[PDB]
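What follows is one chain in structure tokens, specifically the form deposited in one PDB entry.
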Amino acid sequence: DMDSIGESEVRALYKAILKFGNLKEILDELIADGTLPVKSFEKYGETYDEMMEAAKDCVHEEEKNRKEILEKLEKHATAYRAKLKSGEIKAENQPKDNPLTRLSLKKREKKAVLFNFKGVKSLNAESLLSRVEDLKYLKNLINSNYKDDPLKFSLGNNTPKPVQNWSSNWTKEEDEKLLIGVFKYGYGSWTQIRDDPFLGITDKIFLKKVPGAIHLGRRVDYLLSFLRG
């Protein structure tokens, strides 16, 4: 009853995981500041575990489905190639929609891997899983080597790809500061990151101009994937 997990708790929890990753140890803070409605720590912890196992299941299903679809598409593609080569089918004016184009589009397809959870729809299973792993990795990087002063965090000799056509002058140093920002305030907390005078990126973030919120999110994902290898 009073400890029941409804849609509002599910959606608040989901959004909090996307900001903080594995937040089981900070439930007390998150309830106290209004991020999560009041429920027991145990219930929120159970719900976290359930939501992450459902994400894992959703991703594993999609991997399996995609694999089988591709295997079948490969065979038709292979059968279509031998006819083109044996001359049975004319290479000189093929339909837009053919076995090779079906295979190619499926291969390059990038679509959200989504599931419904306790009556809340369209939770992104990949986003959940990668954000938890990414934020764990980032926290460990900073707490292993820069625990006493996170502002000293360095990418070292790792050289990330440069941003393309950003409206601000954005270098490796800003990448470092963005990541320290994420460690301090959470993923998606771009206003707080922008406004922190210690981070020196107040004039470099644009919340037309690039980067906005979406570009910053993509850049953090890239950087943490890049560091993790």
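In this text, the rigid core denotes the largest set of C-alpha atoms whose superposition between the two forms falls within 1.5 Å. Numbers for residues come from their place in the sequence shown, where the first is 1.
Omitted here: the form deposited in another entry. The next part is about that form.
Participant: Determine, with the core as the superposition reference, the one member of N158, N116, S144, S154 that shifts its CA by 2 Å or more between this form and the one not shown.
Facilitator: Result of the comparison: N116.
Participant: Please say whether, between this form and the one not shown, the C-alpha of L199 moves by 2 Å or more once the core is aligned.
Facilitator: Result for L199: no, shift under 2 Å.
Participant: For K172, is the CA shift between this form and the one not shown at least 2 Å following rigid-core superposition?
Facilitator: Shift of 2 Å or more: no.
Participant: Is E133 one of the residues whose C-alpha moves 2 Å or more between this form and the one not shown after the core fit?
Facilitator: Stays below the 2 Å threshold, so no.
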